[PDB]
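Okay, so here's the structure we're looking at.
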Amino acid sequence: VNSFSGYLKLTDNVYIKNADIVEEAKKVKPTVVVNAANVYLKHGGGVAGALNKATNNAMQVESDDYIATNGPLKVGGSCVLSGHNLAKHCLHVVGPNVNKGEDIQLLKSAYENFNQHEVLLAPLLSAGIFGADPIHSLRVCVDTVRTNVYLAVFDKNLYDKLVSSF
Ligand SMILES: O=C(O)C[C@H](NC(=O)c1ccc(NC(=O)NC2CC2)cc1)c1cccc(C(F)F)c1
């Protein structure tokens, strides 16, 4: 049992809250936190930059060792690394970046990675700096993920739009 509080129930297994995922991870210390990664695990900005800064750059040092050994991930793929001070594990998931011309169909493959874990704290994949429509990202999440997902949405106006239009 992870100590999530204040989430709104959208479906049987999807919950949502207006919160920064970094602050939710620091407080809850969940079994799994999802990072919105790129294929190189270069955590510069957005959710990845913010989670990495909260680990004092330990997530980036571990990630560079992983890439030196294994090479890059695929768009739609994932890897499990340490959660450091934020969680037991971090599931690094690569959603398509539409600003780079990546195929939005890969968003469903990205969310399929969540089904390997019973419960996760996660952001909306491919939203924010990745350029995709967040309303579409929540619909793909609800229609793909079967395990328990707790979505932390940073922007209040987007949170209100997501709930109202669901
Ligand atoms: O969560 C959402 O609302 C979707 C998306 N989120 C991010 O891009 C996102 C980026 C960073 C962080 N966390 C921090 O930066 N933490 C601070 C302490 C360093 C969290 C989430 C977003 C946010 C703002 C505006 C828009 C708009 F384009 F629609 C989308």
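By order in the structure tokens, chains are A, B, ...; within a chain, residues start at 1; ligands start at 1, following the order shown.
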**Item:** Contacts of ligand 1, 12 Å or closer, only C-alpha atoms and all ligand atoms, given as a ChimeraX atom specification
**Value:** /A:16-26,34-37,43-55,122-138,151-162
**Message:** Report as a PyMOL selection string all protein, DNA and RNA residues lying within 6 Å of region 106-114 of chain A, evaluated on only C-alpha atoms, omitting residues in the same chain fewer than 4 positions from it.
**Reply:** chain A and resi 76-77+95
**Prompt:** At what distance in Å, to one decimal, does CA of residue 89 (chain A) lie from CA of residue 40 (chain A)?
**Reply:**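 Taking CA of residue 40 (chain A) and CA of residue 89 (chain A), their separation equals 18.5 Å.
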**Request:** Just list the residues in chain A DSSP gives alpha helix (DSSP H) on the backbone, as number ranges by chain.
**Result:** A: 21-28, 46-54, 58-70, 106-112, 134-144, 156-164
Go ahead and save the picked residues with C-alpha atoms, as a PDB file, in the first residue's frame.
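This went into part_1.pdb:
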```pdb
ATOM      1  CA  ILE A  21       5.185  14.690  -9.344  1.00  0.00           C
ATOM      2  CA  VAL A  22       8.534  15.625  -7.677  1.00  0.00           C
ATOM      3  CA  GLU A  23       6.737  16.763  -4.503  1.00  0.00           C
ATOM      4  CA  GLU A  24       4.405  13.767  -4.582  1.00  0.00           C
ATOM      5  CA  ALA A  25       7.407  11.394  -4.848  1.00  0.00           C
ATOM      6  CA  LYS A  26       9.257  13.110  -1.969  1.00  0.00           C
ATOM      7  CA  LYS A  27       6.244  12.812   0.291  1.00  0.00           C
ATOM      8  CA  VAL A  28       4.838   9.395  -0.670  1.00  0.00           C
ATOM      9  CA  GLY A  46      10.529  19.044 -17.668  1.00  0.00           C
ATOM     10  CA  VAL A  47       9.676  16.119 -15.369  1.00  0.00           C
ATOM     11  CA  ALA A  48      13.070  14.442 -16.013  1.00  0.00           C
ATOM     12  CA  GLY A  49      15.105  17.532 -15.113  1.00  0.00           C
ATOM     13  CA  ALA A  50      13.021  18.120 -11.994  1.00  0.00           C
ATOM     14  CA  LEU A  51      13.246  14.505 -10.728  1.00  0.00           C
ATOM     15  CA  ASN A  52      16.990  14.414 -11.427  1.00  0.00           C
ATOM     16  CA  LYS A  53      17.602  17.683  -9.510  1.00  0.00           C
ATOM     17  CA  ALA A  54      15.695  16.253  -6.518  1.00  0.00           C
ATOM     18  CA  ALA A  58      22.417  10.773  -8.761  1.00  0.00           C
ATOM     19  CA  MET A  59      19.710   9.766 -11.279  1.00  0.00           C
ATOM     20  CA  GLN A  60      21.826  11.237 -14.156  1.00  0.00           C
ATOM     21  CA  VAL A  61      25.055   9.479 -12.960  1.00  0.00           C
ATOM     22  CA  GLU A  62      23.225   6.111 -12.827  1.00  0.00           C
ATOM     23  CA  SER A  63      21.547   6.789 -16.185  1.00  0.00           C
ATOM     24  CA  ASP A  64      24.869   7.583 -17.930  1.00  0.00           C
ATOM     25  CA  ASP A  65      26.343   4.253 -16.659  1.00  0.00           C
ATOM     26  CA  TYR A  66      23.204   2.455 -17.986  1.00  0.00           C
ATOM     27  CA  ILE A  67      23.514   4.053 -21.475  1.00  0.00           C
ATOM     28  CA  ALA A  68      27.295   3.388 -21.600  1.00  0.00           C
ATOM     29  CA  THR A  69      26.507  -0.354 -21.043  1.00  0.00           C
ATOM     30  CA  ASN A  70      23.239  -0.825 -22.981  1.00  0.00           C
ATOM     31  CA  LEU A 106       3.994   5.079 -29.974  1.00  0.00           C
ATOM     32  CA  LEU A 107       2.190   6.682 -26.992  1.00  0.00           C
ATOM     33  CA  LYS A 108       0.100   3.515 -26.519  1.00  0.00           C
ATOM     34  CA  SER A 109       3.339   1.373 -26.511  1.00  0.00           C
ATOM     35  CA  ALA A 110       4.802   3.762 -23.916  1.00  0.00           C
ATOM     36  CA  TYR A 111       1.834   3.332 -21.557  1.00  0.00           C
ATOM     37  CA  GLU A 112       1.942  -0.484 -21.976  1.00  0.00           C
ATOM     38  CA  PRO A 134      -2.636  16.125 -22.937  1.00  0.00           C
ATOM     39  CA  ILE A 135      -6.361  15.279 -23.365  1.00  0.00           C
ATOM     40  CA  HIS A 136      -5.297  12.571 -25.841  1.00  0.00           C
ATOM     41  CA  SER A 137      -2.540  11.376 -23.456  1.00  0.00           C
ATOM     42  CA  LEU A 138      -5.092  10.843 -20.607  1.00  0.00           C
ATOM     43  CA  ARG A 139      -7.432   8.917 -23.016  1.00  0.00           C
ATOM     44  CA  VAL A 140      -4.595   6.615 -24.141  1.00  0.00           C
ATOM     45  CA  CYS A 141      -3.635   6.085 -20.448  1.00  0.00           C
ATOM     46  CA  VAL A 142      -7.184   5.082 -19.407  1.00  0.00           C
ATOM     47  CA  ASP A 143      -7.606   2.806 -22.469  1.00  0.00           C
ATOM     48  CA  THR A 144      -4.179   1.086 -22.102  1.00  0.00           C
ATOM     49  CA  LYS A 156      -4.104  23.571 -12.500  1.00  0.00           C
ATOM     50  CA  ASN A 157      -5.859  24.850 -15.610  1.00  0.00           C
ATOM     51  CA  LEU A 158      -4.958  21.603 -17.469  1.00  0.00           C
ATOM     52  CA  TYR A 159      -6.071  19.493 -14.436  1.00  0.00           C
ATOM     53  CA  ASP A 160      -9.484  21.227 -14.443  1.00  0.00           C
ATOM     54  CA  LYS A 161      -9.817  20.813 -18.231  1.00  0.00           C
ATOM     55  CA  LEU A 162      -8.868  17.075 -18.017  1.00  0.00           C
ATOM     56  CA  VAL A 163     -11.463  16.297 -15.316  1.00  0.00           C
ATOM     57  CA  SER A 164     -14.250  18.426 -16.862  1.00  0.00           C
TER      58      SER A 164
END
```
**Request:** Find the distance between CA of residue 29 (chain A) and CA of residue 2 (chain A) and write it in Å to one decimal.
**Result:** 7.9 Å
**Item:** Residue nearest residue 79 (chain A) - candidates A:10, A:93, A:1, A:33, atoms counted: only C-alpha atoms
**Value:**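 Checking each of A:10, A:93, A:1, A:33 against residue 79 (chain A), counting only C-alpha atoms, the winner is A:93.
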**Asked** Which residue out of A:39, A:8, A:149, A:120 has the minimum interatomic distance to residue 87 (chain A) when only C-alpha atoms are used?
**Response**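 Checking each candidate against residue 87 (chain A), we get A:120 as the closest.
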**Request:** Calculate how many Å separate CA of residue 80 (chain A) from CA of residue 92 (chain A), rounding to one decimal.
**Result:**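 These atoms are spaced 6.3 Å apart.
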**Asked** Taking only C-alpha atoms into account, which of A:75, A:90, A:121, A:32 comes nearest residue 4 (chain A)?
**Response**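 Of A:75, A:90, A:121, A:32, the one nearest residue 4 (chain A), counting only C-alpha atoms, is A:121.
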**Message:** I need the residues in chain A that are strand (DSSP E or B) according to DSSP; give them as a PyMOL selection string.
**Reply:** chain A and resi 8-9+14-18+32-36+78-82+89-93+119-122+148-153
